[PDB]
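Residue numbers (the working numbering), protein chains in the order written: chain A, 69 to 281; chain B, 525 to 740.
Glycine is no exception: its CB is placed at the ideal position from the N, C-alpha and C atoms.
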Amino acid sequence: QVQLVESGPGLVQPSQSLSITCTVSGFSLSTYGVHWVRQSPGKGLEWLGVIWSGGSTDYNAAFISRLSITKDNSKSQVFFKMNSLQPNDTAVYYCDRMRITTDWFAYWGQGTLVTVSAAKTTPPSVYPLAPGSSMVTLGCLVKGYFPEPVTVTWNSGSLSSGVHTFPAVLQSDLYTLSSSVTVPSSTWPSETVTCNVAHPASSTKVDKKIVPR
Amino acid sequence: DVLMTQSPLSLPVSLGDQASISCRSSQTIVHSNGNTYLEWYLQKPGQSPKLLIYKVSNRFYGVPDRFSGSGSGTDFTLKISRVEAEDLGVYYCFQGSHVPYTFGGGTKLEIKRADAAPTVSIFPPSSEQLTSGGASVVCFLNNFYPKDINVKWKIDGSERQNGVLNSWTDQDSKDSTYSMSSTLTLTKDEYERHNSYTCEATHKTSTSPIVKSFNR
Ligand SMILES: N[C@H]1[C@@H](OP(=O)(O)O)O[C@H](CO[C@@H]2O[C@H](CO[C@]3(C(=O)O)C[C@@H](O[C@]4(C(=O)O)C[C@@H](O)[C@@H](O)[C@@H]([C@H](O)CO[C@]5(C(=O)O)C[C@@H](O)[C@@H](O)[C@@H]([C@H](O)CO)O5)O4)[C@@H](O)[C@@H]([C@H](O)CO)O3)[C@@H](OP(=O)(O)O)[C@H](O)[C@H]2N)[C@@H](O)[C@@H]1O
Ligand SMILES: *[C@@H]1O[C@H](CO[C@@H]2O[C@@H](C)[C@@H](O)[C@@H](O)[C@@H]2O)[C@@H](O)[C@H](O)[C@H]1NC(C)=O
Ligand SMILES: [Cl-]
């Protein structure tokens, strides 16, 4: 299959640059162009530039003075560099192939979430949410972390159905989220329910068993 | 730059109904090489965009035949002959004919369904958190439809805006419902002063507010 694998930082200081490497498998960079697009809540989807198969580039003029795209065809890698990032350059950055004519290699990378901020990396506090005194809802509160993202699973993946992991929101300049799981009232506490929270940025992995009272 | 004006911004549709999304370009979008690079994308919740339609009307590899594209000049249309649950998400048009290449603002497809009342659950601060000096009270409002819901927090009856944080899931693909969490964050010292904490919810499904609460 076609796959575009990105690597780059999750957190960038304001005024510093952002470098991302896109490693392509499944098609030749000697034949096909690769594009760079970002997505933000403020500005939606923005096309930033393209590097064509022969190495010529076109850029979006709103970014050209601080944007460079280069590549190495033999390593199937494309290199994106944007300088002087501001807080509103916070976005998911994608490499992709798009704007196709006769080929079928129109695929997007997984995206690189980039937060532009001077705030320091902070781990989450993970707190079990059990009821106070048919189906029973349990939860985990993942509080006070920076930057995004974290991942949350329940009994290591085995509880998929009836889970809701909510988007993070900002409070006191840090992120907070919760996740809920709904299991039958017969099954808890008789069978164990545990949330697994990972926050790579702070090397945090926490398993929190939800215990009654 | 070519402006891509996408309408409507919000498209509620019943499963199995037809849906169409319009994209109007501010200029013509024929590339120098003759091709009209109008593409349609679907971005499902949590995913990268995926190509559905390319060069106006060509279905991309693996795309179901319920999707189709048409248009010319400055007027382009995506049609879904019959909408399925997996079609929910945000659709974008894109022109790659004139640099800089540009996207529409997006159309959020929402699946209509029967009204569903929220399952509301309230959770006191954990003993772990209280030991550490904080106090958050969490309220989940799960599996409701339609999306609009209002939550209010009462501490011994006094209304509290400060430190209330609300968050919503995108529409759930398996039953077309929404979920919401509401967290009231207090100091442990303030939490320890009151007994009565209330999560109050109003929704289309009930004229009387849905109240859940506990005592410290
Ligand atoms: N009649 C055409 C012919 O004229 P000549 O025989 O008289 O030269 O070729 C003209 C352009 O000159 C050729 O340039 C290529 C190299 O092209 C690029 C590069 O790869 O770096 C890109 C060029 O950009 C354009 C273009 O101006 O032609 C416009 C872009 O918007 C885009 O449309 C690109 C490519 O065609 C895109 O290629 C893909 C894709 O990435 O999507 C992939 C291809 O495999 C194929 O699928 C095509 C589709 O067919 C759609 O076209 O899509 O083209 C431009 O920036 C040039 C630069 O000016 C050259 O410095 O660089 C040369 O090939 P290589 O050196 O081998 O890399 C080729 O030898 C040149 N003749 C064309 O304009 C005339 O219409
Ligand atoms: C926000 O972004 C500003 C620049 O954004 C770009 O240029 C401005 C003038 C507009 O044309 C906009 O559409 C473009 O995206 C920065 O100058 C500013 O410092 C940024 N602010 C923050 C708080 O990040
Ligand atoms: Cl369906």
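Distances taken from the Cβ of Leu710/B to the heavy atoms of ligand 3 include none shorter than 7 Å. The C-beta separation of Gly78/A from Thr183/A comes to about 6 Å, placing the pair in contact by the 8 Å criterion. Among the residues facing chain A, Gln685/B is not included, as its CB has no counterpart in that chain under 8 Å away. Straight across, the Cα-Cα distance linking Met203/A with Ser248/A is about 13 Å. At a beta-carbon threshold of 9 Å, none of the residues of chain A lie near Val675/B; the nearest stands roughly 13 Å away. Note that the C-beta distance between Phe600/B and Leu576/B is not below 8 Å. A straight line joining the alpha-carbon of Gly657/B with that of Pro215/A spans about 23 Å.
In this structure, DSSP gives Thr272/A an extended state, which the three-state scheme calls strand. For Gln567/B, the enclosing beta strand (DSSP E) covers residues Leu562 to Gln567. Rounded to the nearest whole angstrom, the C-alpha separation of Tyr616/B and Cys163/A is 17 Å. When rounded, the separation of the alpha-carbon atoms in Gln69/A and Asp171/A is 14 Å. Runs of the beta strand (DSSP E) spanning 3 or more residues and lying entirely within the segment 601-680 of chain B occur at 613-619, 631-636, 643-647, 658-668 and 673-679, in chain order. Neighbours of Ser246/A in chain B, taken as residues whose beta carbon is under 7 Å from its own, are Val662, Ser705 and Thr707 in chain order. Of the heavy atoms belonging to ligand 2, at least one sits nearer than 7 Å to the Cβ of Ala130/A. In this structure, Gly593/B keeps its C-beta atom at 8 Å or more from the C-beta atom of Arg167/A. In this chain, the alpha helix (DSSP H) harbouring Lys712/B covers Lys712 to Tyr715. One Cα belongs to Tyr578/B, the other to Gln154/A, and the distance between them is close to 34 Å. Under DSSP, the beta-bridge partners assigned to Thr707/B are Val662/B and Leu689/B.
Those residues having their beta-carbon less than 7 Å away from any non-hydrogen atom of ligand 1 are, in chain order, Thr99/A, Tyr100/A, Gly101/A, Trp120/A, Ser121/A, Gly122/A, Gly123/A, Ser124/A, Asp126/A, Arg167/A, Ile168/A, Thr169/A, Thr170/A, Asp171/A, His555/B, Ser556/B, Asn557/B and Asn559/B. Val210/A sits close to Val218/A, with the two beta carbons spaced by under 8 Å. Excluding the 5 residues flanking it on each side, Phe647/B has same chain C-beta neighbours closer than 6 Å at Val662, in chain order.
The chain-ordered list of residues whose CB is nearer than 7 Å to some heavy atom of ligand 3 reads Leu539/B, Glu608/B, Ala609/B and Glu610/B. Against chain B, the beta carbon of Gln178/A has neighbours under 9 Å at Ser572, listed in chain order. Taken through DSSP and simplified to helix, strand or coil, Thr255/A comes out as helix.
Chain-ordered, the chain B residues with CB closer than 7 Å to the CB of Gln239/A read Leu689 and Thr709.
In the same chain as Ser546/B, and ignoring 5 residues on each side of it, the C-beta atoms closer than 6 Å to its own belong to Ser531 and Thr601, in chain order. At least one heavy atom of ligand 2 is found less than 7 Å from the C-beta of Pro155/A. Apart from sequence neighbours up to five positions away, the residues of its chain that approach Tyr195/A with a beta-carbon distance below 6 Å are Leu209, ordered along the chain.
Residue state for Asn223/A is assigned as helix, using DSSP reduced to three classes.
With a 10 Å radius around the Cβ and a threshold of 16 neighbouring Cβ atoms, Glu716/B comes out exposed. Counting only the Cα atoms, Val146/A lies some 6 Å from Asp140/A.
The criterion of a C-beta distance shorter than 8 Å is satisfied by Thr190/A and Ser270/A. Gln107/A and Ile88/A have their C-alpha atoms some 15 Å from each other. Only residues of its own chain outside the window of five on either side were considered, and among them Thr529, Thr598 and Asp599 have a CB closer than 7 Å to the CB of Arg548/B, listed in chain order. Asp589/B and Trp564/B have their C-alpha atoms some 14 Å from each other.
Look at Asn156/A here: in three-state DSSP terms it is helix.
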